[PDB]
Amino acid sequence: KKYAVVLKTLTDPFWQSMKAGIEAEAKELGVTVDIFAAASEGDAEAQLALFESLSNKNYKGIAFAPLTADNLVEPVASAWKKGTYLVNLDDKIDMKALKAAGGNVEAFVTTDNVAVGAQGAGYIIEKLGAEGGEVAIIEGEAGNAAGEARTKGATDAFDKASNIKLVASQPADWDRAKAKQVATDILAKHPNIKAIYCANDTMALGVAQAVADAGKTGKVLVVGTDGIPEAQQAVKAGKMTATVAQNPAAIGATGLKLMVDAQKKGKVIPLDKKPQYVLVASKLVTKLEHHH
């Protein structure tokens, strides 16, 4: 049989890299993998419906990145009861809710997202120096576990830092236009803002455009997360200050490998057993300076 992967979306580069990484790993393992996302973008109910349709196609295993912590709880529990080998990718499902629903997953593969936020905020703190300044966080969608961890890690770092004042922490729901809108509002209400940490690059690129439109490119630091090509290009060009790169290809490849390796014991993970927890490294991408 084959394996299935349900991602948040296939239109955005972070997730496209994850799909490509899954396929590269499938090519090394010699397994067949179908990778999907639901047509309605960001629709948690559409993604549930997609998951439910796949869970009835006799896949050996399904890896999934849920759009929210709760939207896939019931169909994941249902698949576990059917003996499906399940791997949570990237964004943490509500595991206590999953257990209450009667299910489990073999593994969760993710980035240390508290560390991501701490790195993004930490680089801002380093770049602002002793004088510090007003900073803001553009959050992902409220309640998404990975985004929440980044907000926590950044907020904690900013709170401890001398002369840093976090003046705004606001969701833009992983959306570039909405992040441009939120950044425009922050720039209007906080004309002394010195830096904005953004929970992903889709948002950071919108923020960078708001900063440019305000004539403030280089005057307001903009840090993203994911490391998508356009953000790495923005960092090179000075349009973004940095981005905390993730490795979506490795997240996907590792999740597929865990799903394949899980079947060797001939049974899905017991209900009372803790899933595997596999961290994939992040890396701060800054403007490459070799000039003394």
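One-based numbering along the sequence shown.
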Of 194-202 vs 90-98, the stretch with the larger average CA B-factor in the entry is 90-98
Greater mean Cα temperature factor according to the PDB record, 145-153 or 78-86 | 78-86
Per the PDB entry, maximal CA B factor within 259, 48, 244, 253 | 48
At the C-alpha atoms, which of 248, 61, 42, 227 reaches the highest B-factor in this entry?
-> 42
Residue 130: CA temperature factor from the record, placed by chain third, in the highest
For residue 12, return the chain-relative third of its C-alpha B-factor as stated in the PDB record: lowest, middle or highest.
-> middle
Modelled-residue ranking by C-alpha temperature factor, third containing residue 285 | middle
Rank-wise, by C-alpha B-factor, drop residue 31 into the lowest, middle or highest third of its chain.
-> lowest
For residue 176, does the deposited CA B-factor place it in the lowest, middle or highest third of the chain?
-> lowest
